[PDB]
Amino acid sequence: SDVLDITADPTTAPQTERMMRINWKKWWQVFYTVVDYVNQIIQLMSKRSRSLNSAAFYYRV
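Residues numbered from 1 in each chain as written, not as in the entry; some residues may be left out. Heavy atoms only, no water.

In the PDB header, solution NMR is given as the technique by which the entry was determined.

(A) How the structure looks around the overall build of the chain. Helix and strand content of the chain: 2 helices and 0 strands. Here the chain has a C-alpha radius of gyration of 26 Å; the compact-globule value for 61 residues is 10 Å, and the former is much larger. The principal-axis extents of the C-alpha atoms in the chain amount to approximately 80 × 20 × 10 Å. For the chain, the proportion of its 61 residues judged to be buried stands at 0%. On the chain, roughly 6700 Å² of surface is accessible, and the fraction owed to carbon and sulfur atoms is 62%. (Helix = DSSP H or I, 4+ residues; strand = E, 2+ residues; numbered from the N terminus. Rg over C-alpha atoms; globule rule 2.2 N^0.38 Å. Buried < 20%, exposed > 50% of the residue type's maximum accessible area, 1.4 Å probe, protein only. Areas by Shrake-Rupley, 256 points an atom, 1.4 Å probe, with all protein chains shown as cover.)

(B) Focus on unusual backbone geometry. Residue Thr7 is not a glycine yet carries a positive backbone phi of 55 degrees. Mapped onto the elements, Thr7 comes out in the segment before α1 (14-46). With a relative accessible area of 61%, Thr7 lands in the exposed category. Phi at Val61 is positive, roughly 55 degrees, even though this residue is not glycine. Structurally, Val61 is set in the segment after α2 (51-58).

(C) Fine view of a nonpolar patch on the surface. A contiguous nonpolar surface patch, about 1100 Å² in accessible area, is contributed by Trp24, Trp27, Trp28, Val30, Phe31, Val34, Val35, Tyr37, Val38 and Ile42. On the secondary structure map, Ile42 appears in helix α1. (Patch = residues over 30% accessible without salt bridge, like charges linked within 9 Å, V, L, I, M, F, W, Y side chains within 5 Å. Salt bridge = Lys/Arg side-chain N within 4 Å of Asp/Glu carboxyl O.)

(D) Summary view of the packing of aromatic side chains. Here the structure, examined in full by the defined rule, presents 2 aromatic pairs. Measuring from centroid to centroid gives 5.5 Å for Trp28 and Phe31, while their planes differ by 65 degrees, and the two rings are edge-to-face. In this pair, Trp28 and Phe31 both sit in helix α1, 3 residues apart, roughly one turn of the helix. Over the ring of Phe57 we find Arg60, and its NZ or CZ is 5.7 Å from the ring centre. (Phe/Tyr/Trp six-rings, centres within 6.5 Å; stacked < 30°, edge-to-face > 60°. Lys NZ or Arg CZ within 6 Å of the ring centre and 35° of its normal.)

This is the structure in structure tokens:
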């Protein structure tokens, strides 16, 4: 066999293959962190479901 022939680098865009892989790696990292932040916002917006009921029932002493 040999590594100088089996699908060499004629038009398989190998260099771009590795560069693209790195792009998805980072995009995913910032993506997981960005998505988490959004979840915190939602819960923060829906947290107003029974707030007044939490203080009235939590302050009944």
